[PDB]
There are 2 protein chains.
Amino acid sequence: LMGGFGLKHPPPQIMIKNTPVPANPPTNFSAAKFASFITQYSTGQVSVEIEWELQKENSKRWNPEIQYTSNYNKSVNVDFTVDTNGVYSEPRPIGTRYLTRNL
Amino acid sequence: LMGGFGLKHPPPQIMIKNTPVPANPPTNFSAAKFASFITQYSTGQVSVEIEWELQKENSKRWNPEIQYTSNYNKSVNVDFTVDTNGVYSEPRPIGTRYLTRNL
């Protein structure tokens, strides 16, 4: 109901954690669990590749159709772009429904 | 300079006329040319088929591009359509330059 595709078997969850690295144990045995750990974090790179199937528009209508377009008028910032501070923003919620079809 | 493609050998001219059909000649020979003709015209159907080669847009720009679009606001007449009297009109001179490319 928010949108998208309902999948019985959706893309699986990818789970990740940093393996615990203990700090130095005491020199005499203690059966208590370790609360003492070496502070660490991890970084890396993640690639995702999806293949999408398209359904082309077959329409016979004579007149032109509504398209999603940028505005030609001048502006301080270009839409869908970084600003002077390096912040990427999205001006509007673009939807997918423009082309038309008969019932 | 008006636009289009310059061709040394453009599409040829297609020429058509109605063959003259004389009216009844006099019954005695006269060497004067005939000025007297059966009034007639011709109608028919004409098909033209052109094959056009396309050059696809390769652009890497992130932000969206200007498109040619219809206006969604309501109006008495749809653009590029007949009116109530059956007259087809073109509201504006659509040009071909929308997509962008670097120098």
# chains A, B, ... in the order shown; residues from 1 in each chain; ligands from 1
call {"tool": "calpha_fit_and_write", "arguments": {"fixed": "chain B", "moving": "chain A", "output": "tab-separated table (two decimals) with N, CA, C and O atoms, in the first residue's frame"}}
result
chain	number	residue	atom	x	y	z
A	1	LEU	N	19.67	27.22	-45.61
A	1	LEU	CA	19.56	28.25	-44.59
A	1	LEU	C	18.17	28.33	-43.98
A	1	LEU	O	18.03	28.88	-42.89
A	2	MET	N	17.15	27.80	-44.65
A	2	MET	CA	15.87	27.67	-43.96
A	2	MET	C	15.91	26.50	-42.99
A	2	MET	O	15.30	26.56	-41.92
A	3	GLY	N	16.70	25.49	-43.32
A	3	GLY	CA	16.84	24.32	-42.48
A	3	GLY	C	16.76	23.08	-43.32
A	3	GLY	O	16.49	23.15	-44.51
A	4	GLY	N	16.94	21.92	-42.69
A	4	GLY	CA	16.89	20.67	-43.42
A	4	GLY	C	18.23	20.20	-43.92
A	4	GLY	O	19.27	20.70	-43.53
A	5	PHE	N	18.20	19.21	-44.80
A	5	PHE	CA	19.41	18.63	-45.35
A	5	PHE	C	19.70	19.08	-46.77
A	5	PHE	O	18.81	19.12	-47.60
A	6	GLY	N	20.95	19.38	-47.07
A	6	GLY	CA	21.30	19.77	-48.41
A	6	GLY	C	21.62	18.50	-49.17
A	6	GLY	O	22.41	17.69	-48.71
A	7	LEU	N	20.97	18.32	-50.31
A	7	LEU	CA	21.21	17.13	-51.11
A	7	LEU	C	21.60	17.51	-52.53
A	7	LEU	O	20.97	18.34	-53.15
A	8	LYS	N	22.66	16.90	-53.04
A	8	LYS	CA	23.08	17.17	-54.40
A	8	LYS	C	22.06	16.49	-55.29
A	8	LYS	O	21.68	17.00	-56.33
A	9	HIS	N	21.63	15.32	-54.85
A	9	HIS	CA	20.63	14.55	-55.56
A	9	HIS	C	19.45	14.39	-54.62
A	9	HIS	O	19.30	13.35	-53.97
A	10	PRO	N	18.61	15.41	-54.50
A	10	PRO	CA	17.50	15.34	-53.57
A	10	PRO	C	16.45	14.36	-54.06
A	10	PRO	O	16.61	13.76	-55.13
A	11	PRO	N	15.38	14.15	-53.31
A	11	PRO	CA	14.28	13.39	-53.84
A	11	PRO	C	13.77	14.02	-55.12
A	11	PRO	O	13.59	15.24	-55.19
A	12	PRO	N	13.56	13.22	-56.15
A	12	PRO	CA	13.17	13.76	-57.45
A	12	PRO	C	11.79	14.39	-57.41
A	12	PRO	O	10.99	14.17	-56.50
A	13	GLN	N	11.54	15.21	-58.42
A	13	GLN	CA	10.22	15.78	-58.62
A	13	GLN	C	9.29	14.76	-59.23
A	13	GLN	O	9.65	14.06	-60.18
A	14	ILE	N	8.08	14.67	-58.69
A	14	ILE	CA	7.04	13.81	-59.25
A	14	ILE	C	6.05	14.71	-59.96
A	14	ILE	O	5.43	15.57	-59.34
A	15	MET	N	5.92	14.52	-61.27
A	15	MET	CA	5.11	15.37	-62.11
A	15	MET	C	3.87	14.63	-62.56
A	15	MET	O	3.93	13.44	-62.87
A	16	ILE	N	2.74	15.32	-62.60
A	16	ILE	CA	1.48	14.70	-62.97
A	16	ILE	C	0.61	15.72	-63.70
A	16	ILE	O	0.60	16.90	-63.36
A	17	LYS	N	-0.10	15.25	-64.73
A	17	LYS	CA	-1.11	16.07	-65.38
A	17	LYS	C	-2.20	15.16	-65.91
A	17	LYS	O	-2.00	13.96	-66.09
A	18	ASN	N	-3.35	15.76	-66.20
A	18	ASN	CA	-4.42	15.06	-66.88
A	18	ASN	C	-4.18	15.10	-68.38
A	18	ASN	O	-3.97	16.17	-68.95
A	19	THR	N	-4.21	13.93	-69.01
A	19	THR	CA	-4.07	13.89	-70.46
A	19	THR	C	-5.23	14.63	-71.11
A	19	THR	O	-6.38	14.49	-70.69
A	20	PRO	N	-4.96	15.45	-72.13
A	20	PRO	CA	-6.05	16.16	-72.80
A	20	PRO	C	-6.99	15.21	-73.51
A	20	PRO	O	-6.56	14.26	-74.16
A	21	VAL	N	-8.28	15.45	-73.35
A	21	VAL	CA	-9.27	14.71	-74.12
A	21	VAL	C	-10.03	15.68	-75.02
A	21	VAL	O	-10.81	16.50	-74.53
A	22	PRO	N	-9.83	15.62	-76.33
A	22	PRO	CA	-10.47	16.58	-77.22
A	22	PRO	C	-11.98	16.43	-77.23
A	22	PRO	O	-12.53	15.35	-77.03
A	23	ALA	N	-12.66	17.55	-77.48
A	23	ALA	CA	-14.08	17.51	-77.77
A	23	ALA	C	-14.26	17.10	-79.22
A	23	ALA	O	-13.30	16.79	-79.92
A	24	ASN	N	-15.49	17.09	-79.71
A	24	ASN	CA	-15.73	16.57	-81.05
A	24	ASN	C	-15.10	17.46	-82.11
A	24	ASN	O	-15.35	18.67	-82.14
A	25	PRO	N	-14.26	16.92	-82.98
A	25	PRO	CA	-13.63	17.72	-84.02
A	25	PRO	C	-14.66	18.16	-85.04
A	25	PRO	O	-15.77	17.61	-85.10
A	26	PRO	N	-14.34	19.15	-85.87
A	26	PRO	CA	-15.19	19.44	-87.02
A	26	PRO	C	-15.15	18.28	-88.00
A	26	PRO	O	-14.27	17.43	-87.94
A	27	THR	N	-16.13	18.23	-88.89
A	27	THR	CA	-16.18	17.11	-89.82
A	27	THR	C	-15.32	17.33	-91.05
A	27	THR	O	-15.18	16.41	-91.85
A	28	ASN	N	-14.75	18.51	-91.22
A	28	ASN	CA	-13.80	18.80	-92.28
A	28	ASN	C	-12.46	19.10	-91.65
A	28	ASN	O	-12.40	19.72	-90.59
A	29	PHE	N	-11.39	18.67	-92.31
A	29	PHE	CA	-10.07	18.81	-91.73
A	29	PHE	C	-9.67	20.26	-91.55
A	29	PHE	O	-9.85	21.09	-92.44
A	30	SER	N	-9.12	20.56	-90.38
A	30	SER	CA	-8.56	21.86	-90.06
A	30	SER	C	-7.23	21.63	-89.37
A	30	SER	O	-7.14	20.83	-88.44
A	31	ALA	N	-6.19	22.32	-89.83
A	31	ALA	CA	-4.85	22.14	-89.28
A	31	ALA	C	-4.61	22.97	-88.04
A	31	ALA	O	-3.53	22.87	-87.44
A	32	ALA	N	-5.57	23.80	-87.64
A	32	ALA	CA	-5.43	24.54	-86.40
A	32	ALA	C	-5.40	23.59	-85.22
A	32	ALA	O	-6.00	22.51	-85.24
A	33	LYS	N	-4.68	23.98	-84.17
A	33	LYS	CA	-4.64	23.18	-82.96
A	33	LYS	C	-5.99	23.21	-82.26
A	33	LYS	O	-6.77	24.16	-82.40
A	34	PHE	N	-6.27	22.16	-81.49
A	34	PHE	CA	-7.51	22.11	-80.73
A	34	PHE	C	-7.46	23.03	-79.53
A	34	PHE	O	-6.57	22.91	-78.68
A	35	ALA	N	-8.41	23.95	-79.46
A	35	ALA	CA	-8.69	24.70	-78.25
A	35	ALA	C	-9.86	24.11	-77.46
A	35	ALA	O	-10.19	24.63	-76.40
A	36	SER	N	-10.48	23.05	-77.96
A	36	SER	CA	-11.73	22.54	-77.40
A	36	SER	C	-11.47	21.19	-76.76
A	36	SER	O	-11.10	20.23	-77.44
A	37	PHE	N	-11.70	21.11	-75.45
A	37	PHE	CA	-11.33	19.97	-74.63
A	37	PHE	C	-12.47	19.62	-73.69
A	37	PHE	O	-13.24	20.48	-73.27
A	38	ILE	N	-12.57	18.34	-73.37
A	38	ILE	CA	-13.53	17.87	-72.38
A	38	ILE	C	-13.01	18.23	-71.00
A	38	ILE	O	-11.90	17.85	-70.62
A	39	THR	N	-13.82	18.95	-70.24
A	39	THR	CA	-13.42	19.38	-68.90
A	39	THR	C	-13.38	18.17	-67.98
A	39	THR	O	-14.37	17.46	-67.83
A	40	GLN	N	-12.23	17.95	-67.35
A	40	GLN	CA	-12.14	16.82	-66.45
A	40	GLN	C	-11.01	17.04	-65.46
A	40	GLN	O	-10.11	17.84	-65.69
A	41	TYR	N	-11.09	16.32	-64.35
A	41	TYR	CA	-10.09	16.37	-63.30
A	41	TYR	C	-9.88	14.95	-62.81
A	41	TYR	O	-10.64	14.04	-63.15
A	42	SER	N	-8.84	14.75	-62.02
A	42	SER	CA	-8.56	13.44	-61.48
A	42	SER	C	-8.30	13.53	-59.98
A	42	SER	O	-7.83	14.55	-59.48
A	43	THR	N	-8.65	12.46	-59.29
A	43	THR	CA	-8.38	12.29	-57.87
A	43	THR	C	-7.75	10.93	-57.67
A	43	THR	O	-7.77	10.07	-58.55
A	44	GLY	N	-7.18	10.73	-56.49
A	44	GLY	CA	-6.52	9.48	-56.22
A	44	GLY	C	-5.91	9.50	-54.84
A	44	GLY	O	-6.20	10.37	-54.03
A	45	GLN	N	-5.04	8.53	-54.60
A	45	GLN	CA	-4.42	8.35	-53.30
A	45	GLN	C	-2.91	8.40	-53.48
A	45	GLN	O	-2.39	7.92	-54.49
A	46	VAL	N	-2.21	8.97	-52.51
A	46	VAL	CA	-0.76	9.10	-52.58
A	46	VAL	C	-0.16	8.63	-51.27
A	46	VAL	O	-0.54	9.11	-50.20
A	47	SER	N	0.77	7.69	-51.35
A	47	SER	CA	1.50	7.19	-50.19
A	47	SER	C	2.95	7.62	-50.28
A	47	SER	O	3.57	7.55	-51.35
A	48	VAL	N	3.51	8.05	-49.15
A	48	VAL	CA	4.93	8.33	-49.04
A	48	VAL	C	5.44	7.62	-47.80
A	48	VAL	O	4.84	7.71	-46.73
A	49	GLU	N	6.55	6.91	-47.95
A	49	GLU	CA	7.18	6.18	-46.86
A	49	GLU	C	8.65	6.57	-46.81
A	49	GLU	O	9.38	6.30	-47.75
A	50	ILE	N	9.08	7.20	-45.72
A	50	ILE	CA	10.49	7.52	-45.53
A	50	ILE	C	11.03	6.71	-44.37
A	50	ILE	O	10.34	6.53	-43.36
A	51	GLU	N	12.25	6.21	-44.52
A	51	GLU	CA	12.97	5.56	-43.44
A	51	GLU	C	14.00	6.53	-42.89
A	51	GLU	O	14.78	7.11	-43.65
A	52	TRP	N	14.00	6.71	-41.58
A	52	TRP	CA	14.82	7.70	-40.91
A	52	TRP	C	15.78	6.98	-39.99
A	52	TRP	O	15.39	6.03	-39.31
A	53	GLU	N	17.03	7.42	-39.95
A	53	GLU	CA	18.02	6.84	-39.06
A	53	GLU	C	18.16	7.72	-37.83
A	53	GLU	O	18.18	8.94	-37.93
A	54	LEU	N	18.27	7.08	-36.67
A	54	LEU	CA	18.25	7.78	-35.40
A	54	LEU	C	19.62	7.70	-34.74
A	54	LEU	O	20.36	6.73	-34.92
A	55	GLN	N	19.95	8.73	-33.97
A	55	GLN	CA	21.17	8.77	-33.18
A	55	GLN	C	20.78	8.90	-31.72
A	55	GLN	O	20.28	9.95	-31.30
A	56	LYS	N	21.02	7.86	-30.94
A	56	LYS	CA	20.50	7.83	-29.59
A	56	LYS	C	21.32	8.72	-28.67
A	56	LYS	O	22.51	8.99	-28.90
A	57	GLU	N	20.67	9.17	-27.60
A	57	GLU	CA	21.28	10.01	-26.58
A	57	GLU	C	22.07	9.18	-25.57
A	57	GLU	O	21.53	8.28	-24.93
A	58	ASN	N	23.36	9.47	-25.48
A	58	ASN	CA	24.31	8.76	-24.63
A	58	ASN	C	24.61	9.47	-23.30
A	58	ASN	O	25.46	8.99	-22.55
A	59	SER	N	23.95	10.59	-23.00
A	59	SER	CA	24.42	11.51	-21.97
A	59	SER	C	24.55	10.89	-20.59
A	59	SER	O	23.76	10.02	-20.20
A	60	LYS	N	25.56	11.33	-19.85
A	60	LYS	CA	25.81	10.99	-18.45
A	60	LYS	C	25.33	12.02	-17.44
A	60	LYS	O	25.63	11.85	-16.26
A	61	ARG	N	24.67	13.09	-17.85
A	61	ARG	CA	24.31	14.10	-16.86
A	61	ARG	C	23.40	13.51	-15.80
A	61	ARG	O	22.58	12.63	-16.08
A	62	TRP	N	23.58	13.97	-14.56
A	62	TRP	CA	22.81	13.44	-13.45
A	62	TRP	C	21.39	13.97	-13.48
A	62	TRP	O	20.42	13.20	-13.43
A	63	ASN	N	21.24	15.28	-13.56
A	63	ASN	CA	19.96	15.92	-13.43
A	63	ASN	C	19.08	15.67	-14.65
A	63	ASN	O	19.57	15.28	-15.71
A	64	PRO	N	17.77	15.85	-14.51
A	64	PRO	CA	16.87	15.65	-15.64
A	64	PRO	C	17.08	16.68	-16.74
A	64	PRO	O	17.69	17.72	-16.54
A	65	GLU	N	16.53	16.37	-17.90
A	65	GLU	CA	16.64	17.24	-19.06
A	65	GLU	C	15.29	17.80	-19.47
A	65	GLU	O	14.23	17.25	-19.16
A	66	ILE	N	15.35	18.94	-20.16
A	66	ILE	CA	14.16	19.55	-20.72
A	66	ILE	C	13.58	18.64	-21.78
A	66	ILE	O	14.30	18.12	-22.64
A	67	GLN	N	12.27	18.44	-21.72
A	67	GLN	CA	11.54	17.64	-22.69
A	67	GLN	C	10.48	18.52	-23.33
A	67	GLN	O	10.12	19.56	-22.79
A	68	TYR	N	9.98	18.11	-24.48
A	68	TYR	CA	8.80	18.75	-25.03
A	68	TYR	C	7.57	18.09	-24.43
A	68	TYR	O	7.39	16.88	-24.56
A	69	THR	N	6.72	18.89	-23.80
A	69	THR	CA	5.60	18.35	-23.07
A	69	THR	C	4.33	19.14	-23.37
A	69	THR	O	4.39	20.33	-23.68
A	70	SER	N	3.20	18.45	-23.30
A	70	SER	CA	1.91	19.10	-23.27
A	70	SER	C	1.67	19.71	-21.90
A	70	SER	O	2.28	19.33	-20.90
A	71	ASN	N	0.76	20.68	-21.86
A	71	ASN	CA	0.37	21.30	-20.60
A	71	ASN	C	-0.82	20.55	-20.03
A	71	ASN	O	-1.76	20.22	-20.75
A	72	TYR	N	-0.78	20.29	-18.73
A	72	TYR	CA	-1.86	19.52	-18.12
A	72	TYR	C	-3.08	20.37	-17.82
A	72	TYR	O	-4.18	19.82	-17.68
A	73	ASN	N	-2.94	21.69	-17.74
A	73	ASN	CA	-4.08	22.53	-17.41
A	73	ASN	C	-5.20	22.36	-18.43
A	73	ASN	O	-4.97	22.06	-19.60
A	74	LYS	N	-6.43	22.52	-17.95
A	74	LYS	CA	-7.59	22.31	-18.80
A	74	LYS	C	-7.72	23.42	-19.83
A	74	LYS	O	-7.27	24.54	-19.63
A	75	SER	N	-8.34	23.08	-20.96
A	75	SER	CA	-8.47	24.02	-22.06
A	75	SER	C	-9.68	23.65	-22.89
A	75	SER	O	-10.17	22.52	-22.83
A	76	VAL	N	-10.16	24.61	-23.67
A	76	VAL	CA	-11.30	24.36	-24.53
A	76	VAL	C	-10.94	23.36	-25.62
A	76	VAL	O	-11.69	22.43	-25.90
A	77	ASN	N	-9.78	23.54	-26.24
A	77	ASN	CA	-9.32	22.68	-27.32
A	77	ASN	C	-8.04	21.99	-26.90
A	77	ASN	O	-7.20	22.58	-26.22
A	78	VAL	N	-7.89	20.75	-27.31
A	78	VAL	CA	-6.62	20.04	-27.17
A	78	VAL	C	-5.68	20.50	-28.27
A	78	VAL	O	-6.10	20.69	-29.42
A	79	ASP	N	-4.42	20.71	-27.92
A	79	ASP	CA	-3.44	21.15	-28.90
A	79	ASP	C	-3.18	20.05	-29.91
A	79	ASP	O	-3.20	18.87	-29.58
A	80	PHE	N	-2.90	20.46	-31.16
A	80	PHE	CA	-2.61	19.50	-32.23
A	80	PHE	C	-3.79	18.56	-32.45
A	80	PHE	O	-3.65	17.34	-32.45
A	81	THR	N	-4.96	19.15	-32.64
A	81	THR	CA	-6.21	18.42	-32.70
A	81	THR	C	-7.20	19.24	-33.52
A	81	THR	O	-6.98	20.43	-33.78
A	82	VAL	N	-8.27	18.59	-33.97
A	82	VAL	CA	-9.36	19.29	-34.62
A	82	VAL	C	-10.19	20.05	-33.59
A	82	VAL	O	-10.17	19.77	-32.39
A	83	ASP	N	-10.91	21.05	-34.07
A	83	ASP	CA	-11.86	21.81	-33.28
A	83	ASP	C	-13.27	21.27	-33.50
A	83	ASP	O	-13.46	20.21	-34.09
A	84	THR	N	-14.27	21.98	-32.99
A	84	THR	CA	-15.65	21.57	-33.18
A	84	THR	C	-16.06	21.59	-34.64
A	84	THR	O	-16.98	20.86	-35.04
A	85	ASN	N	-15.40	22.40	-35.46
A	85	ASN	CA	-15.74	22.52	-36.87
A	85	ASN	C	-14.96	21.58	-37.75
A	85	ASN	O	-15.18	21.57	-38.97
A	86	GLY	N	-14.06	20.79	-37.19
A	86	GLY	CA	-13.28	19.86	-37.97
A	86	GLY	C	-12.01	20.43	-38.55
A	86	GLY	O	-11.50	19.88	-39.53
A	87	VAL	N	-11.48	21.50	-37.99
A	87	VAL	CA	-10.30	22.17	-38.52
A	87	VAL	C	-9.11	21.78	-37.67
A	87	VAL	O	-9.10	21.98	-36.45
A	88	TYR	N	-8.09	21.22	-38.31
A	88	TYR	CA	-6.87	20.83	-37.64
A	88	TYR	C	-5.91	22.01	-37.59
A	88	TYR	O	-5.68	22.67	-38.60
A	89	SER	N	-5.36	22.27	-36.41
A	89	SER	CA	-4.45	23.39	-36.22
A	89	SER	C	-3.23	22.93	-35.45
A	89	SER	O	-3.24	21.92	-34.75
A	90	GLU	N	-2.15	23.69	-35.61
A	90	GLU	CA	-0.91	23.49	-34.88
A	90	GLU	C	-0.62	24.71	-34.02
A	90	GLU	O	-0.40	25.81	-34.56
A	91	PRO	N	-0.65	24.59	-32.69
A	91	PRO	CA	-0.54	25.80	-31.86
A	91	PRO	C	0.82	26.47	-31.88
A	91	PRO	O	0.89	27.68	-31.70
A	92	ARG	N	1.90	25.72	-32.06
A	92	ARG	CA	3.23	26.28	-31.86
A	92	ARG	C	4.20	25.62	-32.82
A	92	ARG	O	3.94	24.51	-33.30
A	93	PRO	N	5.30	26.28	-33.14
A	93	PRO	CA	6.34	25.66	-33.97
A	93	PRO	C	7.32	24.80	-33.20
A	93	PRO	O	8.37	25.30	-32.78
A	94	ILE	N	7.00	23.53	-32.96
A	94	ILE	CA	7.90	22.65	-32.22
A	94	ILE	C	9.23	22.51	-32.96
A	94	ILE	O	9.26	22.16	-34.14
A	95	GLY	N	10.33	22.75	-32.24
A	95	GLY	CA	11.66	22.50	-32.76
A	95	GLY	C	12.21	21.17	-32.27
A	95	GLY	O	11.59	20.45	-31.50
A	96	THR	N	13.39	20.83	-32.77
A	96	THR	CA	13.96	19.53	-32.47
A	96	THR	C	15.01	19.53	-31.36
A	96	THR	O	15.52	18.46	-31.03
A	97	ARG	N	15.36	20.67	-30.77
A	97	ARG	CA	16.51	20.75	-29.87
A	97	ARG	C	16.06	20.88	-28.42
A	97	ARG	O	15.63	21.96	-28.00
A	98	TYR	N	16.19	19.80	-27.67
A	98	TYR	CA	15.83	19.71	-26.26
A	98	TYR	C	16.96	19.07	-25.46
A	98	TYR	O	17.49	19.68	-24.52
A	99	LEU	N	17.29	17.83	-25.79
A	99	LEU	CA	18.39	17.12	-25.15
A	99	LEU	C	19.67	17.93	-25.29
A	99	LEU	O	19.82	18.72	-26.22
A	100	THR	N	20.57	17.76	-24.34
A	100	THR	CA	21.79	18.54	-24.31
A	100	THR	C	23.02	17.65	-24.49
A	100	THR	O	22.98	16.44	-24.28
A	101	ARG	N	24.10	18.29	-24.93
A	101	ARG	CA	25.37	17.64	-25.20
A	101	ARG	C	26.47	18.64	-24.90
A	101	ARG	O	26.27	19.84	-25.01
A	102	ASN	N	27.63	18.14	-24.48
A	102	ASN	CA	28.77	19.02	-24.24
A	102	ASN	C	29.45	19.39	-25.55
A	102	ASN	O	29.44	18.63	-26.51
A	103	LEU	N	30.06	20.57	-25.58
A	103	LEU	CA	30.93	20.92	-26.70
A	103	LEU	C	32.16	20.04	-26.80
A	103	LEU	O	33.24	20.38	-26.32
call {"tool": "select_by_dssp", "arguments": {"residues": "segment 1-99 of chain A", "states": "strand (DSSP E or B)", "output": "ChimeraX atom specification"}}
result
/A:22,37,82,88
call {"tool": "write_last_selection", "arguments": {"atoms": "N, CA and C atoms", "output": "CSV table (one decimal), in the first residue's frame"}}
result
chain,number,residue,atom,x,y,z
A,22,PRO,N,38.3,-9.3,21.8
A,22,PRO,CA,38.5,-9.0,23.2
A,22,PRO,C,39.7,-8.2,23.5
A,37,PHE,N,36.2,-5.1,25.3
A,37,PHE,CA,36.4,-5.3,23.9
A,37,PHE,C,37.2,-4.1,23.3
A,82,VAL,N,23.9,19.2,-6.3
A,82,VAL,CA,24.5,19.7,-5.1
A,82,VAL,C,24.4,21.2,-5.1
A,88,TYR,N,23.4,17.4,-1.6
A,88,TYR,CA,22.5,16.9,-2.6
A,88,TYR,C,21.1,16.9,-2.1
